[PDB]
Amino acid sequence: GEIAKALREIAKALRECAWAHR
Amino acid sequence: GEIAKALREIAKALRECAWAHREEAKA
Amino acid sequence: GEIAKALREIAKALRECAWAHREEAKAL
Amino acid sequence: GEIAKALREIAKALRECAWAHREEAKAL
Amino acid sequence: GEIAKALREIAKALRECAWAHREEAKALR
Amino acid sequence: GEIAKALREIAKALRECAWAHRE
Amino acid sequence: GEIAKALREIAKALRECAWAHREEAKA
């Protein structure tokens, strides 16, 4: 579903926020 | 749908927040 | 719809958090 | 609706997180 | 509702993240 | 509900993000 | 459900964000 896909996109962005902290 | 579209906008904003932190790490 | 509008408000707030943090990075 | 109200509360809290950074930006 | 209650719990957690950021920044003086 | 449980998990994770900077 | 699974993925990402911030603070 499109909503689930967007939520996974949100998670991916948050993983970027954590990896930026590298 | 517009809910999914708004959620994608949130993801986009969070990628900004990632970009800002990278600029923080380099500063 | 009201939920979509609230979600966009969340996105706006997060753009406001990115802006504020860039200013921290520039203040440092 | 209650869900939209809670989502707006989340946006408001995130504007607080921005505020916290701005106060820092003006200090630092 | 349970979903709304959980979302409010998220808002509360974020207000805690704002408070913590403010104190961390002040702890670094 | 499963969605409500995951949302509470998100809240719990955010409290960890707060404790990290308290730490 | 797929939505609940995605939300749990978001929670997991935020737990990453706490681990990363904690190490930043200790570094």
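Residue numbers (the deposited numbering), protein chains in the order written: chain D, 2 to 23; chain C, 2 to 28; chain A, 2 to 29; chain F, 2 to 29; chain G, 2 to 30; chain B, 2 to 24; chain E, 2 to 28. Beta carbons: idealized from backbone N, C-alpha and C, even for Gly.
Measure from the C-beta of residue i to each C-beta in chain D and report whether the shortest distance is under 8 Å.
| i | result |
| --- | --- |
| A5/C | yes |
| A26/E | no |
Count the other CB atoms, across all protein chains shown, that sit within 10 Å of the CB of residue i; report buried if there are 16 or more and exposed otherwise.
| i | result |
| --- | --- |
| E17/A | buried |
| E3/A | exposed |
| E10/B | buried |
| residue 33/A | Because chain A spans 2 through 29 in this model, residue 33/A falls outside it and cannot be assessed. |
| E24/E | exposed |
| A7/G | buried |
So the alpha helix (DSSP H) residue i belongs to, where does it begin and stop?
| i | result |
| --- | --- |
| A28/C | Unbroken run through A28/C: none, as it is neither H nor E. |
| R23/D | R23/D -> no alpha helix (DSSP H), and no H or E assigned at all. |
Using a Cβ-Cβ cut-off of 8 Å, state whether residue i counts as contacting chain I.
| i | result |
| --- | --- |
| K27/A | This model lacks chain I altogether; the protein chains it does include are D, C, A, F, G, B and E. |
Using a beta-carbon distance below 8 Å, is residue i in contact with chain B?
| i | result |
| --- | --- |
| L15/G | yes |
| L8/G | yes |
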